[PDB]
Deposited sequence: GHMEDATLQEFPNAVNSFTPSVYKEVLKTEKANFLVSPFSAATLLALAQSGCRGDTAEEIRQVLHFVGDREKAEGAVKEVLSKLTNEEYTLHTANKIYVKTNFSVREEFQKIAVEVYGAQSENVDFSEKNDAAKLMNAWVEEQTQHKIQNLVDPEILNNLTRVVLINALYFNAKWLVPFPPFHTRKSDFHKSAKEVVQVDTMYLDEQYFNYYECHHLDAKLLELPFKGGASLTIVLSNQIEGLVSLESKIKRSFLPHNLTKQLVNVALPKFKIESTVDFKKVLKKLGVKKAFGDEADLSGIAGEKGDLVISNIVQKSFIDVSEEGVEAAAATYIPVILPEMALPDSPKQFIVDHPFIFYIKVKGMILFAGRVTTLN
């Protein structure tokens, strides 16, 4: 990012499993989360904070000290997540209590550096505020993400709200042939099975790895432009919890090599809404949410504003052409087996950086 001494891409990757472990606590089935995107929003917040407040956020993001560096670093990653071959869509905003006019300097850095914006809003009228924020999110996500803010979360004390909506769009480098898509067994556990739409791709060379410590297999499915979707598949039907007790190892980079493989991957769609205040509190951000809070870089004086809520909403829709891809039309000219037919972890990487992570434990 800024080069005097990458370790921002690296900080996100270590942040990722910590976030996953927290989200698990409240999510009981499938989920999707972007630790990366949340991280860039919180970094925006951090820039408007001061003293121990801002320093804490820095500590938890295990982000770098210098502000030209932090800002430059985040500015670089965000600029690259726009490709000819794939696009990350984000609607990130920091809405602030009307009483305290947002400093123009902060609204500017939001746009110029952190791919977000900031705006004053009256939280008094709960439902108008909610609608306003949600309508903005809809316009910015082509109406794909709706009702992000539940007006019930708003109250007389709402001071600063972080909104973080996103979704990813990419094409498989080697798409699945839809003719071969069929209903097949998916084992949610030993005792229960279901029939769900499953896609099939044979005799392809994909990055593959057998992790012996984890008793799992890993497969990296390539997107056009260098992005990828990585599945972490336990060798045993009910082995997911095990992988989650060792969640750190599951996201670590491995010596993946191209092996000849057949793949059976269910189609899946997931929508998640994540309370990142809850997450960040367990990870070490305390001051910014309470009385000692210092958001004077955003507006007002110390103690006027606190971060009241942090809400991420995202979805993923996995199909034959890729993710959030419309049905096109295509034709082409003793393999390892990668049959994804029980619960698994997945994650999307771009240029070595994890963008999204999640799990599927249930399908229909």
Tell me, which runs of residues in the deposited sequence have no coordinates at all?
6-8, 337-345
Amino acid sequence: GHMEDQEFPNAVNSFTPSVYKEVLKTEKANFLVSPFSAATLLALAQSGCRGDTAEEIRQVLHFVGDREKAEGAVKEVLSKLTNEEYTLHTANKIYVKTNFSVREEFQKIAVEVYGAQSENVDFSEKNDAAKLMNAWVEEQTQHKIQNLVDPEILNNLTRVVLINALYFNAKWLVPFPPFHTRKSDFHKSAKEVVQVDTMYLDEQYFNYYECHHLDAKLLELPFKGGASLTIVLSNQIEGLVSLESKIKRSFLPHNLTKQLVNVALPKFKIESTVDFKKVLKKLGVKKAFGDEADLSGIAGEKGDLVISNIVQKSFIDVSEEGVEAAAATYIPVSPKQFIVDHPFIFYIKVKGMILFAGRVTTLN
From here on, numbers count along this sequence of modelled residues.
Ranked by mean Cα B-factor in the entry, 179-187 and 273-281, top stretch is 179-187
Would you determine, from the values in the PDB entry, which of 339-347 and 6-14 has the greater average C-alpha temperature factor?
6-14
In terms of recorded Cα temperature factor, pick the maximum from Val33, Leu61, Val306, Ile316.
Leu61
Criterion, highest CA B-factor; candidates, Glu138, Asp150, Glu220, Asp291
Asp291
Chain thirds by Cα B factor, record data; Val333 belongs to the highest
Comparing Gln146 with the other modelled residues of its chain, is its CA B-factor in the lowest, middle or highest third?
middle
Please rank the C-alpha B-factors of the chain's modelled residues and tell me whether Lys224 sits in the lowest, middle or highest third.
middle
Should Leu265 be placed in the lowest, middle or highest third of its chain by the C-alpha B factor in the entry?
lowest
Compared with the other modelled residues in the chain, in which third is the CA B-factor of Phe206?
middle
